[PDB]
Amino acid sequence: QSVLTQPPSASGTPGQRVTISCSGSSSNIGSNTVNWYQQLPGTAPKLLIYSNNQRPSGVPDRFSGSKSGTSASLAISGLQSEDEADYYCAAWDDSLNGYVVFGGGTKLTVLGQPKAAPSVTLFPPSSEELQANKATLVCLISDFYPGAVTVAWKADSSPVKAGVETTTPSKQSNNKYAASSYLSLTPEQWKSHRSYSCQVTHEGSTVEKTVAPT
């Protein structure tokens, strides 16, 4: 079935106008009205706009919708930090049986904080884990902004390649970002290296932590 095309991401600062486009075809947007949904992390979508530009009660006036021809657009005029969310457009498609088509969705980030360097905490394998014949180094990265880092693991001075897994950063309660990285290994490797290090690069600058079986 058809798809409605949205950009995968958008962003702006507080006080800026951001627009999200929604491209369809003559059998959906070209023929029918467009409605929009806002989805915050971990919750159900919420109707934002319907009948092209109408707002449900309780939706603030900074959200506006438009349609022309086979495309539509959502505008947020004066971004607030709580607008960080996923946004979907939707429309009926008259093709075949008729069906609701949703856009692929747009992740909007609100850049309403200055750059902050990450705080890095590196945990060695716990005694219990070593006493299960396993070992995991756990690198926890918190309180940074914006939400993009790269993580390098080093064994002594030598780069480490295998057994690394890293999460995509996401918001802490305090609206800063956190991320996590894991280096899995055998207890023999852990006992046979002077040190291990987790180094986090955020906006061209690197914060490093180091642990040893000592």
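So that there is no doubt, residue numbering starts at 1 and follows the sequence shown.
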| query | finding |
| --- | --- |
| Entry-level comparison of average CA B-factors, 117-125 and 98-106, reporting the higher stretch | 117-125 |
| 151-159 set against 44-52, stretch whose average Cα temperature factor tops the other in the entry | 151-159 |
| Of the residues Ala179, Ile29, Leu185, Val59, the one carrying the largest Cα B-factor as recorded | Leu185 |
| Chain thirds of CA B-factor: placement of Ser64 | lowest |
| Modelled-residue ranking by C-alpha temperature factor, third containing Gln172 | middle |
| For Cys22, the third of its chain into which the C-alpha B factor falls | lowest |
| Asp93 by Cα B-factor - lowest, middle or highest third of the modelled chain | lowest |
| Third of chain Cα B-factors occupied by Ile76 | lowest |
